[PDB]
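One structure is given below, encoded as structure tokens.
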4 protein chains.
Amino acid sequence: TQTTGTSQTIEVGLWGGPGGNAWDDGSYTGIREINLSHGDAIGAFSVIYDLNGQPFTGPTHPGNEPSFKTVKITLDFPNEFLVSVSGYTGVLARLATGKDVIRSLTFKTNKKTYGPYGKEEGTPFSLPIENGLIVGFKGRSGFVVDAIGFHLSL
Amino acid sequence: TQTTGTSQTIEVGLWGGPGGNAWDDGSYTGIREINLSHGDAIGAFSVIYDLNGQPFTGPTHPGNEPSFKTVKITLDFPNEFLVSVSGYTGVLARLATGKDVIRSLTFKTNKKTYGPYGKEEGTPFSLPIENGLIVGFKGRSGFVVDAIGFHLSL
Amino acid sequence: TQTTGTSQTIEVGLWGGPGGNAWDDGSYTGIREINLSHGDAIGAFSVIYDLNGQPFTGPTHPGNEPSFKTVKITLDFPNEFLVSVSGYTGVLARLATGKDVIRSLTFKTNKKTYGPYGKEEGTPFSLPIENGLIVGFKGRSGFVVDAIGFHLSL
Amino acid sequence: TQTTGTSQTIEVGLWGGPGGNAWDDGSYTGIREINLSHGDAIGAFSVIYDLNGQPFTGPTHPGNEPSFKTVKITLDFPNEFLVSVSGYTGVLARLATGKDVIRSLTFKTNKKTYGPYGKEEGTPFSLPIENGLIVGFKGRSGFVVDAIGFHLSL
Ligand SMILES: OC[C@H]1O[C@H](O)[C@@H](O)[C@@H](O)[C@@H]1O
Ligand SMILES: OC[C@H]1O[C@H](O)[C@@H](O)[C@@H](O)[C@@H]1O
Ligand SMILES: OC[C@H]1O[C@H](O)[C@@H](O)[C@@H](O)[C@@H]1O
């Protein structure tokens with residue numbers, strides 16, 4: 001029985017720690033571009049989604065670490081799409097929190113692999129996808145990316 | 001196995017005739033407002049969708065009947081949502097095509113009923129929903145709304 | 001946020017009256033065969049669903065009209081599937097209920113059309129499908145099929 | 001547009017190695033009971049799924065480990081359901097294959113945590129779920145569980 005007016009999607013995650021502040025881009029129809037920054041961890045994470053055949057810039061999550069290396073991943077949408085997302089979660093000493101954050105991220109599409117970005121240290125995690133698509137990102141950010149999760153759809 | 005980068009939704013319809021030009025707004029996360037015009041049939045039809053908590057103006061489908069009366073259905077989103085859409089499909093004498101067009105439309109939410117709009121003549125049709133939501137509209141339009149269909153999602 | 005252990009599917013309908021007793025076959029992987037009976041209305045209705053590549057006999061809804069013509073619709077699963085279900089709802093005088101029942105049903109697959117079964121009198125209804133599949137039937141039955149609805153899935 | 005009569009679900013995984021023989025239980029509407037055996041790895045793995053309110057015995061994947069202790073996880077379905085499945089993948093010396101297998105598994109429902117089962121050695125993996133349900137299991141098995149994956153649905 002329907003009890004709310006907002007549609008929903010399957011959501012997996014989050015991988016990472018409880019620090020930072022929660023954010024959720026919601027869901028769209030695909031992924032066109034990913035902009036992130038990295039160093040000893042993943043700092044910024046912002047996405048340009050596809051919305052019914054046209055680009056749609058999602059809310060930004062730059063974090064507050066200005067010294068990281070910036071990276072732009074432009075996917076050959078719609079022929080190229082993610083088939084796997086993996087990374088590492090662990091404590092970053094200079095944060096003085098003792099709580100896990102996203103240390104590294106790797107993006108694998110049906111065409112190639114982007115990454116690893118950041119530092120592969122801590123506990124690894126991976127989300128291989130056999131059927132379906134990531135149609136949205138969610139997570140937690142403070143100084144850097146604390147945690148990440150994904151909205152999935154057929 | 002995934003073979004495309006564009007996600008999908010269930011699609012039902014179309015109800016109505018083969019006339020006019022086909023249109024499809026695509027899919028979103030909900031419905032915020034519906035703007036239509038009616039006389040001896042449904043003329044204009046445009047929707048303001050919800051996209052992850054923010055309104056998104058969908059493509060317009062004004063048709064071409066300057067004499068029709070305009071109507072604005074502003075839903076109390078997300079608390080209020082459609083639980084049924086019904087209407088009538090039939091020929092319009094002045095079109096002299098022998099083909100059906102959307103003569104009438106009635107929108108029923110969990111809070112109230114809007115309509116009927118237009119003229120309830122021809123063959124009735126209806127889409128009562130028990131679980132899930134309409135997250136997008138599609139159809140065909142010329143001078144009036146020739147046909148209509150819906151994208152559905154949980 | 002998940003709150004129950006039972007998965008769900010989009011559900012449309014019901015079309016028909018409030019008489020008889022409610023039933024819901026639930027959802028499966030597809031439809032292999034439909035067995036029904038018809039005369040001046042639709043009497044018995046039971047389905048052989050597909051459950052992950054193997055047939056699964058669904059709950060029976062025999063009704064109580066022994067005089068009806070019995071029909072078996074064996075689909076060439078999985079290449080053949082329903083793209084539309086339509087019919088008529090209305091009062092059947094002899095039932096002495098004054099409530100609408102399923103007077104007629106027509107099943108259209110991508111290969112051919114089965115029916116019309118029963119009597120095409122009353123109010124028509126139709127569910128044409130552009131994307132997705134009927135993966136389960138639900139409704140209400142007494143001596144005949146009082147109402148019917150469908151579970152949809154990609 | 002629909003082009004096949006077989007419905008589908010999102011599928012994630014597999015986690016583990018390439019050894020053993022592939023299997024896929026397919027999808028259902030829930031999980032009632034999980035049966036497995038464990039020692040220095042996960043040996044047997046079977047499930048009693050829910051299929052529209054009734055139990056459905058899933059295909060068996062006993063592997064072949066006489067010394068492994070057997071566990072029967074009977075969930076308080078439908079109120080109790082998995083919110084996370086995690087474990088470890090890695091080589092098991094005695095198998096003499098040099099390929100990764102499922103060394104350990106932990107099941108976390110909204111009520112309690114079951115496990116860890118087996119030995120937490122090798123590379124960890126985890127599937128936390130925020131929205132949706134695991135409605136089917138798939139993987140590869142030989143003497144033990146070589147790999148595992150999941151079918152997800154709302
Ligand atoms: O983002 C990493 C870290 O940044 C700051 O130290 C704070 O916002 C923490 O709460 C957060 O965990
Ligand atoms: O099925 C038609 C009719 O059969 C019986 O008379 C009863 O079960 C009614 O409630 C039902 O409407
Ligand atoms: O299951 C572990 C192992 O068992 C046997 O040795 C074979 O079936 C292998 O292919 C498999 O990897």
Side-chain angles (χ1 to χ4, degrees), chain A residues 14 16-23 37 40-45 61-65 68 89-103 139-148, chain C residues 16-23 37 40-45 61-65 68 89-103 139-148, chain D residues 16-23 37 39-45 61-65 68 89-103 139-148:
Chain A
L14 308 179
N21 313 296
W23 54 265
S37 72
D40 53 358
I42 302 302
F45 186 77
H61 311 293
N64 297 305
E65 164 59 273
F68 282 175
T89 63
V91 173
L92 181 59
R94 67 194 183 88
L95 264 34
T97 63
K99 294 176 180 179
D100 299 345
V101 301
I102 298 304
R103 298 303 306 283
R140 296 187 147 268
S141 291
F143 182 65
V144 293
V145 177
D146 285 87
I148 195 171
Chain C
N21 307 299
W23 56 264
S37 76
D40 50 1
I42 303 302
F45 186 83
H61 313 292
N64 189 41
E65 300 296 333
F68 284 4
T89 61
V91 175
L92 178 61
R94 72 186 179 81
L95 296 184
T97 63
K99 303 180 181 185
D100 293 355
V101 301
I102 300 300
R103 294 302 304 283
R140 301 183 63 83
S141 293
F143 287 178
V144 301
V145 175
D146 288 84
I148 191 168
Chain D
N21 306 296
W23 53 262
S37 74
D40 43 18
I42 300 298
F45 184 78
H61 315 291
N64 192 179
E65 294 294 350
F68 281 21
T89 66
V91 172
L92 177 56
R94 70 183 178 72
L95 298 180
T97 64
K99 313 175 188 305
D100 294 329
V101 302
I102 301 305
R103 297 300 305 280
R140 305 182 66 84
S141 296
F143 275 103
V144 305
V145 176
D146 285 88
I148 194 173

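Both counts, for ligands and for their atoms, begin at 1 and track the order of listing. Throughout, a chain's letter reflects where its sequence line sits, starting with A, and its residues are numbered from 1.
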Between CZ of D:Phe143 and OG1 of D:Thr97, what distance do you get to the nearest 0.5 Å? 11.0 Å

Quick check for you: to the nearest 0.5 Å, what is the distance between A:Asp146 atom CG and A:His61 atom NE2? 13.0 Å

Among all residues two or more places apart in sequence or in another chain, which pass the salt bridge (charged side-chain N to carboxylate O under 4.0 Å, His left out) test with A:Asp40? A:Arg94

Tell me every residue that passes salt bridge (charged side-chain N to carboxylate O under 4.0 Å, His left out) with C:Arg140, counting only those two or more places apart in sequence or in another chain.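 Counting only residues at least two positions away or on another chain, C:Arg140 forms no salt bridge (charged side-chain N to carboxylate O under 4.0 Å, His left out).
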
Ligand 2: which residues have a non-hydrogen atom closer than 4.0 Å?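 The 4.0 Å shell around ligand 2 contains C:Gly19, C:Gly20, C:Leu95, C:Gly142, C:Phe143, C:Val144, C:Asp146.
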
With respect to D:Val144, which candidate in D:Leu95, D:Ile42, D:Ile102 satisfies the side-chain contact (heavy atoms from CB on, under 4.5 Å) definition?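 Of the listed residues D:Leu95, D:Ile42, D:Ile102, the side-chain contact (heavy atoms from CB on, under 4.5 Å) partner of D:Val144 is D:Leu95.
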
For D:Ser141, which residues count as a side-chain hydrogen bond (donor to acceptor under 3.5 Å, both in side chains) partner, sequence neighbours excluded?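 Testing D:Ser141 for side-chain hydrogen bond (donor to acceptor under 3.5 Å, both in side chains), a comparison that skips the adjacent residues, returns D:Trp23.
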
